[PDB]
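Engineer: This is query-v3.csv, which holds CSV, C-alpha atoms:
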chain,number,residue,atom,x,y,z
A,4,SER,CA,-27.7,-6.5,69.1
A,5,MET,CA,-29.8,-9.5,70.0
A,6,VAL,CA,-31.4,-9.3,66.6
A,7,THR,CA,-28.0,-9.9,65.0
A,8,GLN,CA,-27.4,-13.1,67.1
A,9,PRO,CA,-27.7,-16.1,64.8
A,10,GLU,CA,-29.9,-19.2,65.2
A,11,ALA,CA,-29.1,-22.8,64.5
A,12,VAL,CA,-25.3,-22.4,65.1
A,13,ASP,CA,-25.3,-25.8,66.9
A,14,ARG,CA,-26.1,-27.4,63.5
A,15,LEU,CA,-22.9,-26.1,61.9
A,16,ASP,CA,-19.5,-27.8,61.8
A,17,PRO,CA,-17.5,-26.3,64.7
A,18,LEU,CA,-14.9,-24.9,62.2
A,19,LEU,CA,-17.6,-23.1,60.4
A,20,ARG,CA,-19.4,-22.1,63.6
A,21,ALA,CA,-16.3,-20.1,64.6
A,22,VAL,CA,-16.7,-17.7,61.6
A,23,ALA,CA,-20.5,-17.8,61.1
A,24,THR,CA,-21.2,-15.5,64.0
A,25,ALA,CA,-23.6,-12.9,62.7
A,26,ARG,CA,-26.9,-12.6,60.8
A,27,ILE,CA,-26.9,-10.3,57.8
A,28,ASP,CA,-29.1,-7.2,57.8
A,29,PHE,CA,-30.5,-6.8,54.3
A,30,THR,CA,-32.3,-3.4,54.6
A,31,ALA,CA,-31.4,-0.8,52.0
A,32,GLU,CA,-29.4,1.2,54.5
A,33,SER,CA,-27.4,-1.8,55.6
A,34,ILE,CA,-26.8,-2.8,52.0
A,35,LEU,CA,-24.9,0.5,51.4
A,36,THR,CA,-22.7,-0.1,54.5
A,37,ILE,CA,-22.0,-3.7,53.6
A,38,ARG,CA,-20.9,-2.8,50.0
A,39,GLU,CA,-18.1,-0.6,51.4
A,40,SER,CA,-16.7,-3.0,53.9
A,41,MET,CA,-17.1,-6.2,51.8
A,42,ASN,CA,-15.6,-4.6,48.7
A,43,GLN,CA,-12.6,-3.2,50.6
A,44,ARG,CA,-11.9,-6.6,52.1
A,45,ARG,CA,-12.3,-8.6,48.9
A,46,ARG,CA,-10.2,-6.2,46.8
A,47,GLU,CA,-7.3,-6.8,49.3
A,48,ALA,CA,-7.8,-10.6,49.3
A,49,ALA,CA,-8.2,-11.0,45.5
A,50,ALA,CA,-4.6,-10.1,44.6
A,51,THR,CA,-3.2,-12.7,47.1
A,52,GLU,CA,-5.6,-15.2,45.6
A,53,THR,CA,-4.5,-14.6,42.0
A,54,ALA,CA,-0.8,-14.9,43.0
A,55,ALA,CA,-1.5,-18.3,44.4
A,56,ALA,CA,-3.7,-19.9,41.7
A,57,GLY,CA,-1.5,-19.4,38.6
A,58,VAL,CA,-4.6,-18.7,36.6
A,59,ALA,CA,-4.3,-15.8,34.1
A,60,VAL,CA,-6.7,-13.0,35.0
A,61,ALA,CA,-7.6,-9.9,32.9
A,62,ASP,CA,-10.3,-7.2,33.6
A,63,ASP,CA,-12.2,-6.0,30.5
A,64,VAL,CA,-15.5,-4.3,29.5
A,65,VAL,CA,-18.4,-5.2,27.3
A,66,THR,CA,-19.5,-1.7,26.2
A,67,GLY,CA,-23.1,-1.4,25.3
A,68,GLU,CA,-25.0,0.6,22.6
A,69,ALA,CA,-26.1,3.2,25.2
A,70,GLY,CA,-22.4,4.0,26.1
A,71,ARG,CA,-21.6,2.4,29.4
A,72,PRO,CA,-19.9,-1.1,29.5
A,73,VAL,CA,-20.6,-4.1,31.7
A,74,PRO,CA,-17.2,-4.9,33.3
A,75,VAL,CA,-16.0,-8.4,33.2
A,76,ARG,CA,-13.1,-10.4,34.7
A,77,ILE,CA,-11.7,-13.1,32.5
A,78,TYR,CA,-9.9,-16.1,34.0
A,79,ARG,CA,-7.9,-18.4,31.7
A,80,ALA,CA,-6.6,-21.8,32.8
A,81,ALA,CA,-6.6,-23.7,29.5
A,82,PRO,CA,-5.0,-23.2,26.0
A,83,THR,CA,-6.9,-21.5,23.2
A,84,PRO,CA,-9.6,-22.3,22.2
A,85,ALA,CA,-10.8,-22.9,25.8
A,86,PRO,CA,-14.2,-24.1,26.9
A,87,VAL,CA,-15.8,-21.1,28.7
A,88,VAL,CA,-18.1,-20.5,31.6
A,89,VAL,CA,-20.1,-17.2,32.0
A,90,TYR,CA,-20.3,-16.7,35.8
A,91,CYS,CA,-22.5,-14.4,38.0
A,92,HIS,CA,-21.4,-13.7,41.6
A,93,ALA,CA,-23.4,-14.0,44.9
A,94,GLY,CA,-24.7,-11.0,46.8
A,95,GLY,CA,-28.5,-11.2,46.9
A,96,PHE,CA,-28.8,-9.0,43.7
A,97,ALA,CA,-27.7,-6.0,45.8
A,98,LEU,CA,-24.0,-6.6,46.8
A,99,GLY,CA,-20.7,-7.4,45.2
A,100,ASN,CA,-18.5,-6.9,42.2
A,101,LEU,CA,-15.7,-8.8,40.4
A,102,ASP,CA,-13.8,-9.4,43.7
A,103,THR,CA,-16.7,-11.1,45.5
A,104,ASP,CA,-16.5,-14.6,44.1
A,105,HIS,CA,-13.0,-14.2,42.8
A,106,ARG,CA,-11.9,-17.4,44.7
A,107,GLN,CA,-14.8,-19.4,43.3
A,108,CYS,CA,-13.8,-18.3,39.7
A,109,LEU,CA,-10.2,-19.2,40.2
A,110,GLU,CA,-11.2,-22.6,41.5
A,111,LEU,CA,-13.5,-23.3,38.5
A,112,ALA,CA,-11.0,-22.2,35.9
A,113,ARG,CA,-8.2,-24.2,37.3
A,114,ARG,CA,-10.0,-27.4,38.2
A,115,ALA,CA,-12.3,-27.6,35.2
A,116,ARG,CA,-9.4,-26.5,32.8
A,117,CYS,CA,-11.4,-23.7,31.3
A,118,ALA,CA,-11.9,-20.0,30.9
A,119,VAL,CA,-14.4,-18.1,33.1
A,120,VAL,CA,-16.0,-14.7,32.3
A,121,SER,CA,-17.4,-13.2,35.5
A,122,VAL,CA,-20.1,-10.5,35.1
A,123,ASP,CA,-20.0,-7.3,37.0
A,124,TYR,CA,-23.8,-6.8,36.8
A,125,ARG,CA,-25.8,-3.8,38.0
A,126,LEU,CA,-27.3,-4.0,41.5
A,127,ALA,CA,-30.6,-3.6,43.2
A,128,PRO,CA,-32.3,-1.6,44.6
A,129,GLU,CA,-30.9,1.0,42.2
A,130,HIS,CA,-31.1,-1.3,39.3
A,131,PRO,CA,-33.8,-3.9,39.9
A,132,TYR,CA,-34.9,-6.8,37.6
A,133,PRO,CA,-34.2,-7.1,34.7
A,134,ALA,CA,-31.0,-5.0,34.8
A,135,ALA,CA,-28.6,-7.6,36.0
A,136,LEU,CA,-30.1,-10.3,33.7
A,137,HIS,CA,-29.7,-7.9,30.8
A,138,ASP,CA,-26.1,-7.4,31.8
A,139,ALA,CA,-25.5,-11.2,32.0
A,140,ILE,CA,-27.1,-11.6,28.5
A,141,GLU,CA,-24.9,-8.9,27.1
A,142,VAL,CA,-21.8,-10.6,28.4
A,143,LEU,CA,-22.9,-14.1,27.2
A,144,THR,CA,-23.6,-12.7,23.6
A,145,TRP,CA,-20.2,-10.9,23.6
A,146,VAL,CA,-18.4,-14.1,24.7
A,147,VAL,CA,-19.9,-16.0,21.8
A,148,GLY,CA,-19.7,-13.2,19.2
A,149,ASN,CA,-16.0,-12.6,20.0
A,150,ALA,CA,-15.0,-16.2,20.8
A,151,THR,CA,-12.3,-16.4,18.1
A,152,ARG,CA,-10.5,-13.3,19.2
A,153,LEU,CA,-10.9,-14.0,22.9
A,154,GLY,CA,-9.7,-17.6,22.6
A,155,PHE,CA,-12.9,-19.4,23.5
A,156,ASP,CA,-14.6,-22.5,22.1
A,157,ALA,CA,-18.3,-21.3,21.8
A,158,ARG,CA,-19.4,-24.9,21.2
A,159,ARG,CA,-18.4,-25.5,24.9
A,160,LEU,CA,-20.3,-22.8,26.7
A,161,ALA,CA,-21.5,-23.2,30.3
A,162,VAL,CA,-23.2,-20.8,32.7
A,163,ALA,CA,-22.7,-20.7,36.4
A,164,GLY,CA,-23.4,-18.7,39.5
A,165,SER,CA,-23.7,-18.6,43.3
A,166,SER,CA,-26.9,-17.6,45.2
A,167,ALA,CA,-28.5,-14.6,43.4
A,168,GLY,CA,-25.9,-15.0,40.6
A,169,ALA,CA,-27.2,-18.5,40.0
A,170,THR,CA,-30.6,-17.0,39.5
A,171,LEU,CA,-29.2,-15.1,36.6
A,172,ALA,CA,-27.3,-18.1,35.3
A,173,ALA,CA,-30.6,-20.1,35.4
A,174,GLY,CA,-32.0,-17.2,33.2
A,175,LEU,CA,-29.2,-17.6,30.7
A,176,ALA,CA,-29.8,-21.4,30.7
A,177,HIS,CA,-33.5,-20.8,29.9
A,178,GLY,CA,-32.6,-18.3,27.1
A,179,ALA,CA,-30.3,-20.9,25.5
A,180,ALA,CA,-33.1,-23.6,25.8
A,181,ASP,CA,-35.7,-21.4,24.2
A,182,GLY,CA,-33.3,-20.4,21.4
A,183,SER,CA,-33.1,-16.7,22.3
A,184,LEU,CA,-29.4,-17.1,23.2
A,185,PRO,CA,-26.5,-19.2,21.9
A,186,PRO,CA,-26.5,-22.9,23.0
A,187,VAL,CA,-25.3,-23.8,26.5
A,188,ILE,CA,-24.1,-27.2,27.4
A,189,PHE,CA,-24.1,-27.1,31.1
A,190,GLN,CA,-25.4,-25.0,34.1
A,191,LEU,CA,-23.7,-24.9,37.5
A,192,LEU,CA,-25.9,-23.5,40.2
A,193,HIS,CA,-24.3,-23.1,43.6
A,194,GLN,CA,-26.7,-22.6,46.5
A,195,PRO,CA,-29.1,-20.8,44.1
A,196,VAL,CA,-31.8,-18.3,44.9
A,197,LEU,CA,-34.8,-19.8,42.9
A,198,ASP,CA,-38.2,-19.0,44.3
A,199,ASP,CA,-39.8,-15.9,45.9
A,200,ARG,CA,-42.5,-18.2,47.4
A,201,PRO,CA,-41.7,-19.2,51.0
A,202,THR,CA,-40.6,-22.7,51.8
A,203,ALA,CA,-40.4,-24.6,55.0
A,204,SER,CA,-36.6,-24.1,55.1
A,205,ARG,CA,-37.0,-20.3,54.6
A,206,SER,CA,-39.1,-20.1,57.8
A,207,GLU,CA,-37.0,-22.6,59.7
A,208,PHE,CA,-33.8,-20.7,58.9
A,209,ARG,CA,-35.4,-17.3,59.4
A,210,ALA,CA,-32.3,-16.3,61.4
A,211,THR,CA,-29.3,-18.4,60.5
A,212,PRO,CA,-25.9,-16.7,60.2
A,213,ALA,CA,-24.6,-15.2,56.9
A,214,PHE,CA,-27.9,-15.3,55.1
A,215,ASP,CA,-31.4,-16.1,56.4
A,216,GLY,CA,-35.1,-16.3,55.5
A,217,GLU,CA,-35.8,-12.8,56.6
A,218,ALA,CA,-33.1,-11.4,54.4
A,219,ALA,CA,-34.4,-13.6,51.5
A,220,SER,CA,-37.8,-11.8,51.8
A,221,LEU,CA,-36.1,-8.3,51.7
A,222,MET,CA,-33.9,-9.5,48.8
A,223,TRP,CA,-36.8,-10.4,46.6
A,224,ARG,CA,-38.5,-7.1,47.4
A,225,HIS,CA,-35.4,-5.0,46.4
A,226,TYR,CA,-34.9,-7.0,43.2
A,227,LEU,CA,-38.5,-7.1,42.0
A,228,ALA,CA,-39.2,-3.4,43.0
A,229,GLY,CA,-43.0,-4.0,42.9
A,230,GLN,CA,-43.0,-6.1,39.7
A,231,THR,CA,-45.2,-9.1,39.8
A,232,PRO,CA,-43.0,-12.2,39.9
A,233,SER,CA,-43.0,-14.4,36.8
A,234,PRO,CA,-41.0,-17.3,35.4
A,235,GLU,CA,-38.8,-14.7,33.8
A,236,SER,CA,-37.7,-13.1,37.1
A,237,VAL,CA,-38.1,-16.2,39.3
A,238,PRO,CA,-36.7,-19.4,37.7
A,239,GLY,CA,-38.5,-21.7,40.3
A,240,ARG,CA,-41.8,-20.5,38.9
A,241,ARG,CA,-41.1,-21.9,35.4
A,242,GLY,CA,-43.6,-24.7,34.8
A,243,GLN,CA,-41.8,-26.6,32.0
A,244,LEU,CA,-38.1,-27.5,32.6
A,245,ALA,CA,-37.6,-29.9,29.7
A,246,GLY,CA,-34.7,-29.1,27.5
A,247,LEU,CA,-32.6,-27.1,30.0
A,248,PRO,CA,-28.9,-27.9,30.0
A,249,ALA,CA,-27.4,-30.6,32.2
A,250,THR,CA,-27.0,-29.3,35.7
A,251,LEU,CA,-24.9,-29.4,38.9
A,252,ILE,CA,-26.8,-27.9,41.8
A,253,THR,CA,-25.4,-27.7,45.3
A,254,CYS,CA,-26.4,-26.3,48.7
A,255,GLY,CA,-25.5,-26.4,52.4
A,256,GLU,CA,-28.3,-28.0,54.6
A,257,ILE,CA,-28.5,-25.1,57.1
A,258,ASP,CA,-29.6,-22.6,54.4
A,259,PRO,CA,-33.0,-21.0,53.9
A,260,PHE,CA,-32.6,-21.8,50.1
A,261,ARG,CA,-32.2,-25.5,50.7
A,262,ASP,CA,-35.8,-26.5,50.1
A,263,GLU,CA,-36.2,-24.5,46.8
A,264,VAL,CA,-33.0,-26.2,45.7
A,265,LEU,CA,-34.4,-29.6,46.4
A,266,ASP,CA,-37.7,-28.8,44.7
A,267,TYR,CA,-35.9,-27.5,41.6
A,268,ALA,CA,-33.6,-30.5,41.4
A,269,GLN,CA,-36.5,-32.9,41.6
A,270,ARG,CA,-38.4,-31.0,38.8
A,271,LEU,CA,-35.2,-30.9,36.6
A,272,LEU,CA,-34.9,-34.7,37.1
A,273,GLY,CA,-38.7,-35.2,36.4
A,274,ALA,CA,-38.3,-33.2,33.2
A,275,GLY,CA,-35.5,-35.5,32.0
A,276,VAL,CA,-32.6,-33.0,32.6
A,277,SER,CA,-29.4,-34.8,33.6
A,278,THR,CA,-28.8,-33.4,37.1
A,279,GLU,CA,-26.1,-33.9,39.7
A,280,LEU,CA,-27.3,-32.7,43.2
A,281,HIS,CA,-25.4,-32.3,46.4
A,282,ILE,CA,-26.6,-31.2,49.9
A,283,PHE,CA,-23.6,-30.5,52.2
A,284,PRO,CA,-24.1,-31.3,55.9
A,285,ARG,CA,-23.4,-28.9,58.8
A,286,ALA,CA,-23.0,-25.9,56.4
A,287,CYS,CA,-24.8,-22.5,56.1
A,288,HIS,CA,-25.2,-20.3,53.1
A,289,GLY,CA,-21.9,-19.0,51.9
A,290,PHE,CA,-19.8,-21.8,53.6
A,291,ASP,CA,-17.2,-21.9,50.8
A,292,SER,CA,-16.7,-18.1,51.0
A,293,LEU,CA,-16.5,-18.1,54.9
A,294,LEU,CA,-14.0,-20.9,55.0
A,295,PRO,CA,-12.5,-21.7,51.5
A,296,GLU,CA,-9.8,-24.0,52.9
A,297,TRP,CA,-12.2,-26.1,54.9
A,298,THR,CA,-12.4,-29.8,53.7
A,299,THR,CA,-16.1,-29.3,52.9
A,300,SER,CA,-15.5,-26.2,50.8
A,301,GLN,CA,-12.7,-28.0,49.0
A,302,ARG,CA,-15.0,-30.9,48.3
A,303,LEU,CA,-17.4,-28.4,46.8
A,304,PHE,CA,-14.7,-26.9,44.5
A,305,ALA,CA,-13.5,-30.4,43.5
A,306,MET,CA,-17.1,-31.5,42.7
A,307,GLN,CA,-17.7,-28.4,40.6
A,308,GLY,CA,-14.4,-28.9,38.8
A,309,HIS,CA,-15.2,-32.5,37.9
A,310,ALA,CA,-18.7,-31.6,36.7
A,311,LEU,CA,-17.6,-29.0,34.3
A,312,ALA,CA,-14.5,-30.9,33.2
A,313,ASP,CA,-16.7,-33.9,32.3
A,314,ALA,CA,-19.0,-31.6,30.3
A,315,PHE,CA,-16.1,-30.0,28.5
A,316,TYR,CA,-13.9,-33.1,28.0
A,317,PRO,CA,-16.2,-36.1,27.5
What would you get if you wrote out this structure as structure tokens?
Structural biologist:
Amino acid sequence: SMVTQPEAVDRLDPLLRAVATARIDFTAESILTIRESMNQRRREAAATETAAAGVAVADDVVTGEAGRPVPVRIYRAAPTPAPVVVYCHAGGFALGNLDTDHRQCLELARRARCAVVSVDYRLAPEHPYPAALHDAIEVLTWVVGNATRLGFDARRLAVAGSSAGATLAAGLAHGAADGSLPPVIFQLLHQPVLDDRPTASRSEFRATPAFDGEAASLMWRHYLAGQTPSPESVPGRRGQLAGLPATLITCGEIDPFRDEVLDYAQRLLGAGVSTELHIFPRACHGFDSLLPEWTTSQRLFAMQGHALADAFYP
């Protein structure tokens, strides 16, 4: 009841305030209930979105050695061979599927003139770290290994994500930098989850609408499942950032993840990584999902499109 009532709503744009009316509950029991309602709503909305965008969409599977595939959704908005982004959706490692960030994927493909391969990674708490990261790696390897047949330019591979999906994208970026994975020329990290260690903004925004600091604590617990955090599970704990791909990193200011975003951006810059950073005013976590037509959400999409397009078409 009162626990669900959100804090800091006065600090949000009135248009966003009208829809950001509830805190999330990120307990395991609540996660099950959210999956059902969120997935039903997003399935319904995704078809309308595809009809409007004019971006070709195809669902496929990357089937693994052990006999179950990782599903993918492939978005194509450029002729073969197209530069390609491997994308991981939001959802705090516990929620979502190919419909969750469908709008974001459509916007990236169209505006950056590229292909996007969105990863339907396995979810916590049932499949904690490193399951989703393994799935993302599997998809990235498949994208590159099959680039000719799929119509991709493997020399122009970017990684991208939102929130917990950006955590996974940052893992792919690290694998490319350390030579464990094929080269990656750009990473796009929208409102990324980066650090299990508490920050001032996590405490300040303990109870903001949509996502908050209390949920962030539960999120890390479900994902780690008792494993000790390390730079491999927690990108913000990586000491040396030199050699990571050029980065676009973005976040709303009324967001528990804001400070870890700022810390990470300063460290990327300090390490000599070319970094574009934006903090969007009067916006909470998930602003572009809550109100995708809002001028601020549109400015985010346009910014992302230009960042990728400049990387892909210098």
Engineer: Might you pull out every residue within 8 Å of segment 84-94 of chain A, with all atoms listed in the file counted and same-chain residues fewer than 3 positions away left off, and present them as a CSV table (one decimal) with C-alpha atoms, in the coordinates of the input?
Structural biologist:
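Generated output (out36.csv):
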chain,number,residue,atom,x,y,z
A,79,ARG,CA,-7.9,-18.4,31.7
A,81,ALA,CA,-6.6,-23.7,29.5
A,97,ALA,CA,-27.7,-6.0,45.8
A,98,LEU,CA,-24.0,-6.6,46.8
A,99,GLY,CA,-20.7,-7.4,45.2
A,100,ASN,CA,-18.5,-6.9,42.2
A,101,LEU,CA,-15.7,-8.8,40.4
A,103,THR,CA,-16.7,-11.1,45.5
A,104,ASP,CA,-16.5,-14.6,44.1
A,108,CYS,CA,-13.8,-18.3,39.7
A,116,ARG,CA,-9.4,-26.5,32.8
A,117,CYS,CA,-11.4,-23.7,31.3
A,118,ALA,CA,-11.9,-20.0,30.9
A,119,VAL,CA,-14.4,-18.1,33.1
A,120,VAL,CA,-16.0,-14.7,32.3
A,121,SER,CA,-17.4,-13.2,35.5
A,122,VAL,CA,-20.1,-10.5,35.1
A,123,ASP,CA,-20.0,-7.3,37.0
A,124,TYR,CA,-23.8,-6.8,36.8
A,139,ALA,CA,-25.5,-11.2,32.0
A,142,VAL,CA,-21.8,-10.6,28.4
A,143,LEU,CA,-22.9,-14.1,27.2
A,151,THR,CA,-12.3,-16.4,18.1
A,154,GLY,CA,-9.7,-17.6,22.6
A,155,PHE,CA,-12.9,-19.4,23.5
A,156,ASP,CA,-14.6,-22.5,22.1
A,157,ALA,CA,-18.3,-21.3,21.8
A,158,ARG,CA,-19.4,-24.9,21.2
A,159,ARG,CA,-18.4,-25.5,24.9
A,160,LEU,CA,-20.3,-22.8,26.7
A,161,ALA,CA,-21.5,-23.2,30.3
A,162,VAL,CA,-23.2,-20.8,32.7
A,163,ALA,CA,-22.7,-20.7,36.4
A,164,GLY,CA,-23.4,-18.7,39.5
A,165,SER,CA,-23.7,-18.6,43.3
A,166,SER,CA,-26.9,-17.6,45.2
A,167,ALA,CA,-28.5,-14.6,43.4
A,168,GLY,CA,-25.9,-15.0,40.6
A,169,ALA,CA,-27.2,-18.5,40.0
A,171,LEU,CA,-29.2,-15.1,36.6
A,172,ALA,CA,-27.3,-18.1,35.3
A,315,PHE,CA,-16.1,-30.0,28.5
Engineer: Could you work out how far atom CA of residue 126 of chain A lies from atom CA of residue 288 of chain A, giving the answer in Å with one decimal?
Structural biologist: 20.1 Å
Engineer: Could you jot down the atom CA of residue 256 of chain A to atom CA of residue 286 of chain A separation for me, Å, one decimal place?
Structural biologist: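 Atom-to-atom, atom CA of residue 256 of chain A and atom CA of residue 286 of chain A are spaced 6.0 Å apart.
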Engineer: Which residues are close to residue 30 of chain A, i.e. within 10 Å by all atoms listed in the file, leaving aside same-chain residues fewer than 6 positions away? Reply as a PyMOL selection string.
Structural biologist: chain A and resi 218+221-222+225
Engineer: Go ahead and dump the residues you just picked, C-alpha atoms, as a compact mmCIF listing (two decimals), in the coordinates of the input.
Structural biologist:
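Final output, saved to part_26.txt:
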# COMPACT_ATOMS: atom_id res chain seq x y z
CA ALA A 218 -33.10 -11.40 54.40
CA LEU A 221 -36.10 -8.30 51.70
CA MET A 222 -33.90 -9.50 48.80
CA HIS A 225 -35.40 -5.00 46.40
Engineer: Mind pulling up the distance from atom CA of residue 22 of chain A to atom CA of residue 209 of chain A?
Structural biologist: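 Atom-to-atom, atom CA of residue 209 of chain A to atom CA of residue 22 of chain A, that is 18.8 Å.
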Engineer: Considering all atoms listed in the file, state which residue in the set A:110, A:181, A:141, A:39 is at the smallest distance from residue 80 of chain A.
Structural biologist: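 Nearest candidate to residue 80 of chain A out of A:110, A:181, A:141, A:39: A:110.
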Engineer: Around the point (-29.6, -20.4, 48.4), in the coordinates given by the file, pick out the residues reaching within 12 Å, counting all atoms listed in the file, and return them as a PyMOL selection string.
Structural biologist: chain A and resi 93-95+164-170+192-199+202+204-205+208+213-216+218-219+222+252-265+267+282+286-290
Engineer: From the structure block, carefully write segment 28-43 of chain A out with N, CA and C atoms; format it as a tab-separated table (two decimals), in the first residue's frame.
Structural biologist:
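For reference, part_36.tsv as written:
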chain	number	residue	atom	x	y	z
A	28	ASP	N	8.33	-3.97	-6.91
A	28	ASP	CA	8.61	-4.88	-5.81
A	28	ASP	C	9.48	-5.96	-6.44
A	29	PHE	N	10.71	-6.11	-5.97
A	29	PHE	CA	11.64	-7.02	-6.65
A	29	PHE	C	11.94	-8.27	-5.83
A	30	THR	N	11.00	-8.66	-4.96
A	30	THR	CA	11.11	-9.97	-4.31
A	30	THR	C	10.89	-11.07	-5.35
A	31	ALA	N	11.38	-12.27	-5.06
A	31	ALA	CA	11.19	-13.42	-5.95
A	31	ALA	C	9.72	-13.68	-6.29
A	32	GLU	N	8.83	-13.67	-5.29
A	32	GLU	CA	7.39	-13.85	-5.53
A	32	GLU	C	6.78	-12.80	-6.46
A	33	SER	N	7.17	-11.54	-6.25
A	33	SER	CA	6.70	-10.46	-7.09
A	33	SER	C	7.22	-10.60	-8.52
A	34	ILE	N	8.48	-11.02	-8.66
A	34	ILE	CA	9.08	-11.24	-9.98
A	34	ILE	C	8.23	-12.18	-10.83
A	35	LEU	N	7.75	-13.27	-10.24
A	35	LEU	CA	6.88	-14.18	-11.00
A	35	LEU	C	5.61	-13.51	-11.51
A	36	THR	N	5.01	-12.66	-10.69
A	36	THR	CA	3.77	-12.00	-11.07
A	36	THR	C	4.02	-10.94	-12.14
A	37	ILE	N	5.14	-10.23	-12.01
A	37	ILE	CA	5.49	-9.19	-12.99
A	37	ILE	C	5.71	-9.83	-14.36
A	38	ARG	N	6.42	-10.95	-14.40
A	38	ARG	CA	6.72	-11.60	-15.69
A	38	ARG	C	5.44	-11.80	-16.50
A	39	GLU	N	4.41	-12.30	-15.83
A	39	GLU	CA	3.16	-12.63	-16.52
A	39	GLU	C	2.49	-11.40	-17.11
A	40	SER	N	2.35	-10.35	-16.31
A	40	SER	CA	1.64	-9.16	-16.74
A	40	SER	C	2.45	-8.35	-17.78
A	41	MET	N	3.74	-8.19	-17.51
A	41	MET	CA	4.64	-7.43	-18.38
A	41	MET	C	4.76	-8.12	-19.74
A	42	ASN	N	4.93	-9.44	-19.73
A	42	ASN	CA	5.10	-10.16	-20.99
A	42	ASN	C	3.81	-10.11	-21.84
A	43	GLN	N	2.65	-10.19	-21.19
A	43	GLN	CA	1.38	-10.12	-21.93
A	43	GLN	C	1.23	-8.74	-22.59
